[PDB]
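So you know, we letter chains A, B, ... as the sequences are listed, proteins then strands, and number each from 1. Just the heavy atoms: all of them, side chains too, but no hydrogens, waters or symmetry mates, feed the values below.
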Amino acid sequence: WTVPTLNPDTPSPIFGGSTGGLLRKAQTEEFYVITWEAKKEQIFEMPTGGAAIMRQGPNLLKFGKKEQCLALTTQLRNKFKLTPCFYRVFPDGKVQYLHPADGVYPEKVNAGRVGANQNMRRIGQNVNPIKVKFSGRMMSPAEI
Amino acid sequence: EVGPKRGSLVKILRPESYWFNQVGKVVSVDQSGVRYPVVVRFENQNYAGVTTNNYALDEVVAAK
Amino acid sequence: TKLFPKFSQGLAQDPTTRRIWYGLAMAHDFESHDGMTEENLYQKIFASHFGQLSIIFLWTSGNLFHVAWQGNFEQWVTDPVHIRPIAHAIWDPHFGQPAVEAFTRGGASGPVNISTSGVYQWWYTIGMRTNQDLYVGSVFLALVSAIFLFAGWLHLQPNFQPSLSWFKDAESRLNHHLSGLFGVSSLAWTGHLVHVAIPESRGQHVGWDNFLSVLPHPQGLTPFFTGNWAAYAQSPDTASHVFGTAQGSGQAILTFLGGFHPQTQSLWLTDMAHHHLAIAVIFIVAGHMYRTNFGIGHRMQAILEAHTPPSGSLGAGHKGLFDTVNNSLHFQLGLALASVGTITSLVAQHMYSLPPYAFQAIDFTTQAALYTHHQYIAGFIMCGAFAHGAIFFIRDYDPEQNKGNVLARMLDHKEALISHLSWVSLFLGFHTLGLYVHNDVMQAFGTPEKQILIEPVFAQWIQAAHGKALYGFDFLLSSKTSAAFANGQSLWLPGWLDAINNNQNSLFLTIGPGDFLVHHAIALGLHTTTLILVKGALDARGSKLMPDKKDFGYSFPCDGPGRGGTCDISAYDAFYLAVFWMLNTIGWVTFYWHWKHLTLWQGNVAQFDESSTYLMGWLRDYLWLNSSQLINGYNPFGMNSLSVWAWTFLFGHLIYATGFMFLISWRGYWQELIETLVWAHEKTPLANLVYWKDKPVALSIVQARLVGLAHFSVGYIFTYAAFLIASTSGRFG
Amino acid sequence: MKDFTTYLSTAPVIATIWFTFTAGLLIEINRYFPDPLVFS
Amino acid sequence: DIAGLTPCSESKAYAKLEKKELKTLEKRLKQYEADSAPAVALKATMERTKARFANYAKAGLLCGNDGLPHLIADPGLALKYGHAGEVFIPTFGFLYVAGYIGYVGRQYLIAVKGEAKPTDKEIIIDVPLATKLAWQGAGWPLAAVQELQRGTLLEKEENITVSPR
Amino acid sequence: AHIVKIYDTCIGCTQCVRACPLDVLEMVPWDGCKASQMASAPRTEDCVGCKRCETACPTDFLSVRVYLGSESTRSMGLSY
Amino acid sequence: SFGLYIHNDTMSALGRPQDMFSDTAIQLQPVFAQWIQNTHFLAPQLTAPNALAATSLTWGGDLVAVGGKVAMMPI
Amino acid sequence: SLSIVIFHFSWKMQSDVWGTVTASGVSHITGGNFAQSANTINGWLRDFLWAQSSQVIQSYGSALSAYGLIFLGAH
Ligand code: CLA
Ligand code: CLA
Ligand code: CLA
Ligand code: CLA
Ligand code: CLA
Ligand code: CLA
Ligand code: CLA
Ligand SMILES: CC1=C(/C=C/C(C)=C/C=C/C(C)=C/C=C/C=C(C)/C=C/C=C(C)/C=C/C2=C(C)CCCC2(C)C)C(C)(C)CCC1
Ligand code: SF4
Ligand code: SF4
């Protein structure tokens with residue numbers, strides 16, 4: 001498996017538009033693109049409101065925040081048995097592939113993943129806040 | 001061989017557990033060397049609605 | 001990134017309107033600032049304390065200046081009974097001519113406000129007589145304000161920053177504050193009373209220009225150095241003395257008359273001089289207790305380690321508490337607030353019943369305002385004391401260093417403490433409310449003889465012990481054949497017994513079944529408020545619902561909808577809930593004080609005695625009946641000087657109700673709403689050319705609670721203040 | 001009939017009967033001993 | 001008398017209060033005929049009113065200046081001057097019934113905790129079991145003391161869950 | 001950004017990962033539990049702090065914990 | 001709407017009744033509602049020829065008294 | 001919203017419609033004070049709530065005393 005490359009030419013689902021879509025943040029900060037392959041034309045629900053028709057084959061939609069792309073991913077995966085992926089697109093044209101991060105969806109354990117933010121103790125074994133006082137900022141005993 | 005017998009009563013000693021100082025029934029004890037092999041089932045559910053939890057060998061003591 | 005706030009880099013990088021709000025809210029939480037060290041924390045607090053001191057003295061300077069400039073103090077001293085003190089002048093271009101005429105009162109040329117703070121009676125009692133006195137005092141306090149402000153700057157400079165060990169010298173500070181700040185100050189105030197205030201009350205002017213050539217006593221210090229201290233108690237002011245003049249005046253400077261001055265109906269100036277002299281001696285001696293650089297005195301740590309009951313009933317006892325208290329600024333602030341908070345209530349309870357200032361008792365509006373003012377401040381201060389006690393347990397408490405001592409053992413039976421507080425509150429609530437409701441039903445059915453009226457015999461017994469002969473118990477000071485009555489019969493009992501058996505003042509007012517019911521309402525309020533504050537402190541570190549609460553800090557929104565839902569689970573939220581009950585409790589206390597004095601001041605105590613045993617009586621006879629003049633301050637036919645209070649009355653109701661919006665409706669609703677406004681602005685021509693720098697967001701969960709409580713509290717206070725002043729001054733103005 | 005008598009043993013029904021009985025007893029005592037304020 | 005009060009039988013205000021209450025009823029009774037039902041109801045109320053004021057005075061209640069009975073709660077004063085029936089005797093009447101209810105409920109709770117499904121016995125009451133316990137609760141003061149003396153009233157601290165401290 | 005931590009009481013049931021609406025968590029190989037897998041929090045810059053993961057966790061006490069921290073555009077959930 | 005009341009309360013409190021929104025001051029007449037009332041009061045003459053009287057006395061005309069009390073009258 | 005609707009109805013009917021009819025004319029229950037008072041918040045607090053609550057808070061000892069009790073019970 002290798003990181004896919006976004007194709008901006010991909011056609012988008014049939015949709016008449018709405019007032020729930022992108023704002024000035026997309027022009028200045030970042031936006032998100034989700035793509036998937038559809039087996040047939042089918043009506044699905046937009047996370048921004050309304051019904052859209054996915055074209056047979058490649059599809060492409062743009063969203064304002066990451067949660068919107070993953071919300072549609074959950075719908076497509078569970079209700080239609082599809083395998084979408086999405087990216088983060090910066091105003092200068094840079095594209096950052098996001099999901100699934102390593103080609104395998106996170107709920108399925110995969111080799112080569114390195115644990116992060118794992119504490120080798122129980123919650124009840126955290127130290128008292130007095131022991132981390134005056135550490136340079138506000139920090140919980142769970143941060144050590 | 002390790003841990004209490006299946007079906008026996010044990011008392012929970014984990015302070016942050018909902019069932020601390022309460023009595024449950026042993027379901028099974030993993031022999032594979034896991035951190036928390038003792039599985040205990042309780043009559044009263046916790047705030048999350050769960051009635052079973054895993055505990056270490058030294059976090060359970062025979063009831064009575 | 002944005003500069004503001006400089007103390008929090010996490011906030012400075014926040015791109016929303018959150019940042020400005022939290023920049024303000026976290027400004028004085030020094031411990032949470034980036035890069036804070038313990039030594040720098042203490043130095044920052046020290047400088048802030050200088051800032052508070054200069055502000056207080058500037059505030060006192062302003063009050064002196066405006067009374068001298070715009071008040072009628074010189075006219076008031078000639079006839080305090082029949083002249084209303086003037087606070088300051090009004091200059092408002094929004095006024096109409098009728099308003100200009102209405103507020104022109106008290107002898108001033110233009111519109112003015114009438115003072116309710118009682119500074120006139122206070123300054124007159126201590127010897128101030130002319131506007132020149134007020135002016136000079138104002139200039140002096142402005143200078144003292146500037147010096148404190150400079151001292152705060154100075155001790156922030158490199159060569160004037162005290163070390164950490166200096167701030168932790170408990171023994172030395174206690175010695176100086178007890179003997180110097182308390183004792184010498186009290187001794188110096190005695191000198192002022194003997195040299196200035198007492199001569200002024202006898203018609204003699206003593207000022208800076210001649211105080212070195214005027215003898216406070218005909219025998220100057222000869223009795224003091226020979227031990228003949230009784231020479232200063234001879235020839236007190238007579239019962240016919242006219243305050244401020246030499247008629248009927250005496251020569252004593254230190255007495256124990258123990259009653260009220262017959263004309264001013266306030267405490268004798270010679271008793272207040274002897275009081276402070278004795279207090280000064282006690283505090284000067286008390287300040288030589290603790291060890292310093294001279295090898296004598298006590299070490300506080302030694303005292304605490306010694307007090308461990310041998311039976312082990314308190315475990316390790318007080319072992320380790322010197323470091324616990326000495327190393328925790330929140331433990332210290334909690335103790336300071338609790339002590340000052342209780343002292344503020346004592347000031348309220350004693351100043352109304354034993355008025356120290358001349359002509360204070362007859363100024364009914366001033367008496368009501370002062371009691372209500374200090375009781376509400378006491379209520380807020382008590383909530384803070386418990387708040388910082390809960391902050392201590394989270395941030396500062398160390399279980400290992402307090403192993404087995406009394407503090408750690410409080411956490412060991414917190415369930416017993418909370419559940420018993422719960423039982424007391426339930427019992428008081430069920431039965432106090434039940435008795436009121438029973439009496440309302442008996443009144444409603446026209447059978448007032450069937451209501452439950454329990455005589456307060458325990459309290460009446462205490463009043464009899466103090467000499468009140470109304471109830472016929474006749475023991476101790478009420479029994480003329482008792483040793484207590486006889487022994488004091490030459491010192492202070494004659495004056496005290498005359499004052500306590502006069503039913504026209506506030507010294508141990510007569511009490512009955514109506515007083516019984518309301519006192520149990522007050523106990524309900526105190527216990528319930530303590531329950532919420534104590535539960536908040538003792539569960540601050542954790543509960544069965546949130547075992548690791550201490551890892552989340554004092555204040556946080558919640559822990560989410562899981563585990564059944566965890567709204568308002570933080571110790572901060574317990575304080576937020578407690579403030580509502582503190583306001584309700586103080587509201588009951590002040591309603592009680594006000595109505596009982598309104599009927600006394602009107603010469604009809606029977607109305608209170610008969611209407612206070614059921615709640616329709618409070619609604620009809622206290623609130624509804626006494627609102628009539630207030631709500632007519634302006635109307636279709638005109639307006640009068642109560643229009644400002646009428647306007648403020650509704651102003652208070654409005655702010656109160658606005659607070660309900662933040663308390664009832666919660667964030668998620670508003671955040672969705674603001675998003676549609678964000679969309680609309682960007683799509684609107686000629687308006688999308690302008691744009692924000694902070695992304696608008698709804699207020700945070702915690703912030704809504706604070707702002708809503710603030711509106712609730714401010715409206716609560718303003719509404720009552722308008723009602724209190726307007727209903728009293730309108731009746732007696 | 002077993003099931004019906006089981007239904008009558010549910011908390012709301014028992015509470016209704018018990019409080020109806022308790023209220024009836026208190027009302028009837030005040031009917032025959034009106035206006036009781038003290039014990040003599 | 002006690003705390004400056006006076007007996008209601010000797011109180012002018014108490015006597016005046018009764019006249020006003022009867023006067024109010026008499027005014028209403030004028031507009032009705034002698035045998036009409038409203039007249040019978042009003043006269044019955046008047047008889048109850050006169051009996052009430054007669055009974056309270058007979059019981060020896062103390063009246064304030066308002067003319068209303070005031071109760072005495074200190075046991076010493078109540079027993080010394082014959083006011084024990086106002087608060088003191090009613091106190092032990094309540095505590096007997098209240099403990100009766102509490103003790104019976106506690107017995108039922110303990111009895112059903114030995115069943116297969118304890119929670120089912122709390123929403124569907126075991127009426128035969130509940131009825132038996134209700135009758136036996138008349139001796140709760142004796143039973144409660146024996147448990148207190150036997151050390152079985154309270155549970156041991158080692159079996160009670162608490163949160164971390 | 002918020003702070004998300006996984007503790008060694010995890011049973012590797014995967015429910016927190018399935019419940020995360022932001023794809024903050026994932027499952028990695030482990031040997032400390034019977035399932036031989038542990039939850040991980042590699043992408044905490046995207047966590048919004050909803051605590052759906054904590055709601056899904058069966059262990060007692062929790063094995064996944066969210067501590068709300070500094071607020072950014074991502075953590076605040078803004079689409080503007 | 002609510003701001004007009006706040007304006008009126010403030011002006012009245014400041015002793016400037018001539019600055020209030022009121023019938024004797026700055027006037028806010030519901031002219032549309034007044035016009036509709038007149039039309040309904042005159043309906044029997046022209047637009048409802050077979051109706052003896054208007055549907056309601058609130059439109060206008062003479063009051064009806066029953067037992068010494070007003071039953072309905074123009075509003 | 002509906003609280004204000006019914007307060008509007010109650011005050012308007014008492015002030016301008018309901019009343020007694022005699023030779024001298026019509027005397028309304030509140031004497032036509034709606035027009036000049038209902039344009040201020042203080043007018044509603046004083047002339048409507050405070051003034052018209054007199055009956056309910058004075059009903060103890062009468063047949064209407066049950067409304068006095070419920071008035072407090074509802075608060
Ligand atoms: C004799 C020496 C001396 C004196 C006079 C003071 C005085 C003071 N110190 Mg202290 N201090 C001393 C030695 C001394 N200190 C030493 C040796 C050390 C080092 C060991 C310190 C270390 C120290 C610190 C670290 C701090 C102080 C602070 C203070 C101030 C406390 C706030 C205040 O105004 O309280 C006023 C208190 C009183 C007037 C005493 C009476 C209080 C009662 C309860 C009030 C009621 C009385 C009466 C009824 C009121 C009548 C009111 C009227 C309207 C009728 C005060 C000015 C604090 C401060 O503000 O610093 C800027 C502070 O942070 N001191
Ligand atoms: C701190 C308060 C204070 C101050 C500064 C003064 C100051 C003064 N008093 Mg007054 N006085 C005071 C309190 C005070 N008094 C009190 C409490 C009383 C009631 C007992 C009196 C009763 C009184 C009388 C009856 C007389 C004075 C007189 C005087 C004047 C001359 C004193 C003299 O010759 O001493 C000379 C004595 C000494 C040098 C020895 C003093 C020994 C003591 C133990 C010193 C203690 C110092 C103390 C611990 C520190 C306090 C703070 C400090 C800043 C002063 C002088 C202006 C006399 C006068 O002529 O007034 C016009 C006078 O006749 N005073
Ligand atoms: C000697 C007194 C004292 C001191 C030194 C402190 C100090 C502290 N307190 Mg404590 N506190 C006190 C008294 C004190 N407190 C009292 C009396 C109470 C009870 C009311 C509390 C309750 C309390 C709580 C609940 C908390 C603190 C906290 C704090 C810390 C941060 C304060 C901050 O940033 O505020 C910032 C202050 C503001 C942004 C302004 C708040 C304004 C309020 C809401 C009133 C607004 C009135 C309004 C403007 C009036 C308008 C009128 C209209 C007509 C115009 C700090 C260590 C906080 C903390 O984290 O501690 C560790 C915290 O959570 N305190
Ligand atoms: C008037 C309003 C009101 C009332 C009556 C109460 C009452 C109570 N509060 Mg609450 N509270 C209020 C407002 C009120 N609160 C507000 C505005 C806040 C701020 C958010 C809080 C915050 C708060 C906190 C944080 C706490 C309380 C607590 C309490 C209890 C105190 C003890 C007590 O009185 O026990 C006696 C009980 C009562 C007087 C309640 C009324 C009982 C009625 C009369 C029973 C009637 C039964 C009858 C058969 C009718 C039933 C009809 C029905 C079946 C249809 C009690 C349940 C404390 C608590 O729980 O202590 C244990 C506590 O911790 N309150
Ligand atoms: C019209 C009369 C009346 C009414 C309607 C009530 C109503 C009530 N009372 Mg009150 N009471 C009254 C008169 C009345 N009281 C009088 C005259 C007194 C004497 C001063 C008291 C003294 C009293 C107390 C001391 C208590 C109440 C309590 C209660 C409440 C709960 C009762 C309960 O659930 O019992 C059912 C019983 C239980 C749920 C458990 C047992 C509770 C009882 C009170 C314990 C008795 C212990 C007994 C003395 C034995 C000691 C132990 C030893 C034998 C080993 C309830 C609202 C209780 C309360 O408010 O709790 C918050 C409460 O503690 N009342
Ligand atoms: C809730 C607290 C409380 C309070 C404030 C009082 C207060 C009082 N009681 Mg009461 N008493 C109470 C509870 C209380 N009692 C209880 C619970 C009981 C039952 C055990 C009694 C039993 C009782 C008796 C038997 C007598 C009093 C008496 C008195 C009065 C005078 C004696 C005295 O100094 O009492 C102050 C109270 C205390 C210090 C607490 C303990 C009081 C004990 C129990 C009684 C002491 C009696 C005393 C030695 C009698 C001296 C002779 C007398 C003629 C003055 C006084 C008004 C006396 C009285 O005047 O009777 C007419 C009396 O003879 N009480
Ligand atoms: C078996 C019944 C029972 C008993 C013996 C007790 C006993 C006790 N309760 Mg508890 N309680 C009960 C039921 C009971 N409770 C119920 C049903 C509730 C929910 C309303 C509560 C709510 C409650 C609170 C909130 C508090 C107590 C407290 C207390 C303690 C002091 C007494 C008190 O305040 O009573 C007050 C009693 C009540 C508030 C409710 C009484 C309701 C009825 C009268 C109880 C019996 C009903 C039951 C259905 C009967 C079954 C009969 C069976 C044959 C089928 C005491 C240990 C207090 C405490 O912790 O003190 C340390 C306290 O704060 N209880
Ligand atoms: C939580 C916490 C906290 C807090 C606390 C508080 C806030 C408290 C308060 C408290 C209080 C607020 C208390 C009070 C008390 C009081 C008392 C204890 C009193 C006493 C008195 C007396 C004893 C008197 C006597 C007498 C009389 C009565 C008469 C005659 C004279 C004489 C003097 C003999 C702290 C910080 C610690 C920390 C830890 C935790
Ligand atoms: S708090 Fe919400 S976004 Fe963050 S890891 Fe948990 S489920 Fe995912
Ligand atoms: S839900 Fe809890 S137990 Fe399951 S994988 Fe996540 S952290 Fe581990």
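In this structure, chain H has no heavy atom under 4.5 Å from any part of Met11(G). In this structure, chain G has a heavy atom under 4.5 Å from the side chain of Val26(H), while its backbone stays farther away.
The interface of residues 63-75 of chain G with chain H, defined by heavy-atom distances below 4.5 Å, comprises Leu63(G), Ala65(G), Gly68(G), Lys69(G), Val70(G), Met72(G), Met73(G), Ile75(G). Using a 4.5 Å cut-off between non-hydrogen atoms, no part of residues 36-51 of chain G approaches chain H.
To the nearest 0.5 Å, atom CG of residue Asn42(H) and atom OG1 of residue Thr10(G) are 11.0 Å apart. Residue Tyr5(G) holds its OH atom at 8.0 Å from CG of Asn39(H), rounded to the nearest 0.5 Å.
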